Structures are given as structure tokens and as C-alpha cells.
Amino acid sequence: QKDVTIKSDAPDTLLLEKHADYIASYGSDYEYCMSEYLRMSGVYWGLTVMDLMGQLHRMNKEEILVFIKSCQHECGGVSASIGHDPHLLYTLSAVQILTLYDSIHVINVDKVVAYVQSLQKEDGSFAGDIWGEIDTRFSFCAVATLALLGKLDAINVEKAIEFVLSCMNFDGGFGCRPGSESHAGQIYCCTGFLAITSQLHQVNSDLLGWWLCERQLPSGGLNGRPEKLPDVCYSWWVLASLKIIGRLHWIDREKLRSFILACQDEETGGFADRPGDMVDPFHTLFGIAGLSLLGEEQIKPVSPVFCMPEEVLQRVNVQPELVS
């Protein structure tokens, strides 16, 4: 019942040239400065969306590679920015960027692997950093990082699988930790995890697929759990999860596409979380990635597992089999 009403003057055409201008000029500002704590991921979002649009060249490779190297700490982990602390979230982001750039040896890969290895707990879970927060998001960061480096064998995979499956819920979904309620974000992370570790046969695809397709609201937009507002980034979380489990056809593609197009800003470029709100590069990546999954011809095919161009992943030979 909680939904947004798309007003009839909302954008209904893909403004790609505008989006690429928006990202190309991003960080040339109040909000830029206040999100320094996620900079490495911000950089990943901008570069990935640019590459999906064929505009990667307009970004600054040389400058990003020096930034990334300065963000690797003596433990092997990578921080969001210089002087910030290392975390699995930013280690993943850094590794996705270097994968996009074919420059993995810009950082010490052996130390990244040792960092990831060090964060696994006896029950198979991963902490995000030395301070011990446990989340299935971090199980995904860990195996995704290692998959991209060809080093999945470095962790205890069966225990890691056991922990993730212990976060499966009555409704077929997954939460942060055992007993946590199902949420699209964690479902995305856990289905991604199970794709990487070849365990999708353990998902109840019909049950989870139904929970996911019930995320679509009359507006066409997807929410992240029951009784919440729709949002462009859930487009992505939910749609990617559906693709991994072979049930993408269970949502109304055309209604979702109209929702996503309605979140664009016709003047400034970029996408917001919902129509008419202020845009950012996070929702710009996920709007564009969502459209690509829906089969938008002007955007490169995107991996539902790694949220990177498929041609990048083909090139490193890391393409997990999905359900169907």
C-alpha cells in the first residue's frame, strides 16, 4: 500500500549522455566531502557505470591507481580513503576497480588474500574488519574479492557456506546474521555468495523468487522488504537476485523500466532513489545496472553477481553459473 505515484511529466527515455556527463564531472562540493568515508566505493560506482555506458576512458586511470595503492594498509586490507581504516567493503571495491582496469598488481595481492583469510571466524562467518562486526554482506565481499583474484581456495569454503545457509529464513530469504529478518540487500549478497561458491541448488528458488517478485509495487518500482517504499537501488538488489536464481521473468519488466527511467534527473543527469529526489552516483550505477539486466541495448551486459560489465569478467574467466 505504501507506494510512490509517478507524476505524468517524469522522464520516459534513457538520458545516457547526461548520465556520463554527471559522473565525469562528479567530484569537481558539500556532499562529495561528507562521503569521504566511502570514497573507494564511490569511485567503483562511477567507474563501473561509466564502463557499462562505454565511457570509462573519460575517467582518470592513472590517478585512481595511485589512490588505490595509497589505500592499502600494512595488514593487506584497503581503506575507503587515505588515512581511513581498512575494511572488506573497500577491499572489494578496490579489487573490482583494478579488475575493471586490468591492474590487479597495483596492490599486493598476497597481502589482500591474507587480510581476507584473517577475518573468517570459527563458524565460517566473516567480520568486516578487526572490530568484529559479522554480516553476510562480508561473506560476499570476502568470496567476491577472492574469486576476482583466483584465490577462493584461501578460505574455509564449506564453513563459509554453512554460515550463510544458517542465515536462510522461513520465507526463503536471508538476513545479516542467524535469526535476522530477510532483506533484499542481504538476499543479493547471499545469492551472490552462493553463485560464487556453486551452491545455488541450496536456495529454494520458487519460494525466494516469490518473496522477491512481491517486492514490485503498483508504481512498478521494487522495495527491499514488505511495507517499505520503492527505491532504484532495490531495483538492482532484487532484480540481480532474481537473475541469479533464474526468476527474473517473475517481475513486470516494462513497469520496472518505467519506474527506473522516472528516477532520472533530466537537468542534472544521474538517478535518485525515487522520482524527483536528488541524484547520486550510487543510485546512478544501480539504475543503469538495473536497466541493463532488463535488456537495455545501449548499456553493456552487467554481471548480476559482481555488478561489473560481463566482458570484464569473461576476460578474467570468473563467471559463476546461475540457476536459469
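Whichever C-alpha set is largest while still superposing within 1.5 Å between the two forms counts as the rigid core. When you see a residue number, it is the position in the sequence shown, counting from 1.
A.B. asks: Comparing against the shown form in 9 other deposited structures of this protein, which stretch has the larger RMS C-alpha deviation after a rigid core superposition, 30 to 38 or 63 to 71?
C.D. replies: Higher average C-alpha offset in 9 other deposited structures of this protein goes to 30 to 38.
A.B. asks: Unmodelled stretch from the deposited sequence between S28 and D29, which bin: none, 1 to 3, 4 to 9, 10 or more?
C.D. replies: Count of unmodelled residues in between: 1 to 3.
A.B. asks: Would you tell me which stretch averages the higher CA B-factor in the PDB entry, 148 to 156 or 178 to 186?
C.D. replies: Stretch with the greater average CA B-factor: 148 to 156.
A.B. asks: Would you tell me which stretch averages the higher CA B-factor in the PDB entry, 267 to 275 or 65 to 73?
C.D. replies: Result of the comparison: 267 to 275.
A.B. asks: Compared with the other modelled residues in the chain, in which third is the CA B-factor of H87?
C.D. replies: Tercile = lowest for this residue's CA B-factor.
A.B. asks: Sorting the chain's modelled residues by C-alpha B-factor, tell me whether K243 ends up in the lowest, middle or highest third.
C.D. replies: Answer is lowest: the recorded C-alpha B-factor places it there.
A.B. asks: Within this chain's modelled residues, let me know which third the CA B factor of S41 belongs to: lowest, middle or highest.
C.D. replies: Ranked within chain, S41 CA B lands in the lowest tercile.
A.B. asks: What third of the chain does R137 rank in for C-alpha temperature factor, lowest, middle or highest?
C.D. replies: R137: CA B-factor falls in the lowest third of its chain.
A.B. asks: Using only modelled residues of the chain, where does the Cα B factor of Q96 rank: lowest third, middle third or highest third?
C.D. replies: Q96: CA B-factor falls in the lowest third of its chain.
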